[PDB]
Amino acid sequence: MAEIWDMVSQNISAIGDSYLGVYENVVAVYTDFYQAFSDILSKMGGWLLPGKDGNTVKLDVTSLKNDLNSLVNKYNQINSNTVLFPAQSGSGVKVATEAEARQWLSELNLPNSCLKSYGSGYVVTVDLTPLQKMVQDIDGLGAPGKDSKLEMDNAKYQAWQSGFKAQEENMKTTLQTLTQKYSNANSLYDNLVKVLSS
């Protein structure tokens, strides 16, 4: 027999497998998270109406701002649906050492805002600064009319909307970054196995 080699192979696999595990969790939580933000983007057209003579437009800042806040509050929590690291499972929250967190914080290339503390330890959550920034700007447009909607001229509208898609893109970028990284992690696991099975 070749008991040491087996031992070696099993050990390396576990390391690469372990690594791939975290990422599978990261990718899930984020693609899922973004899905929820897409369901909002679809409704986007249903909250827009031209002024009267396309000289202005009426935007349902309320409905929008409320769905954004709902999403931000849902993912502002801590559970198997909002934490990227460590993987959450079952009863009570699972926490990591600040160092362990900060490490992943750097690995996933995420901002410090993504680092949250829970009792004895820490956890890494999705980046909400974008959504929050969105909601801030929507409030920056001014108070709505008695119909809770805000009629604004095209200059203002398309200005806001540029800034809105700037934030929409930030989140788009993160979800990519994390998928590329997950793809590498996964490639790596498969390569390790070939190198060890042969």
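The numbering used is simple: start at 1 and walk along the sequence shown.
Between 53 to 61 and 131 to 139, the higher mean Cα B-factor belongs to 53 to 61. The question of which stretch, 150 to 158 or 65 to 73, has the higher mean Cα B factor is settled in favour of 150 to 158. By the numbers in the PDB entry, the CA B factor is greatest at 79 among 120, 79, 106, 113. Among all modelled residues in this chain, the alpha-carbon of residue 8 has a temperature factor (C-alpha) in the lowest third. Ranked within its chain, residue 29 lands in the middle third, by CA B factor from the PDB record. Split the chain's modelled residues into thirds by C-alpha temperature factor. Residue 125 is in the lowest one.
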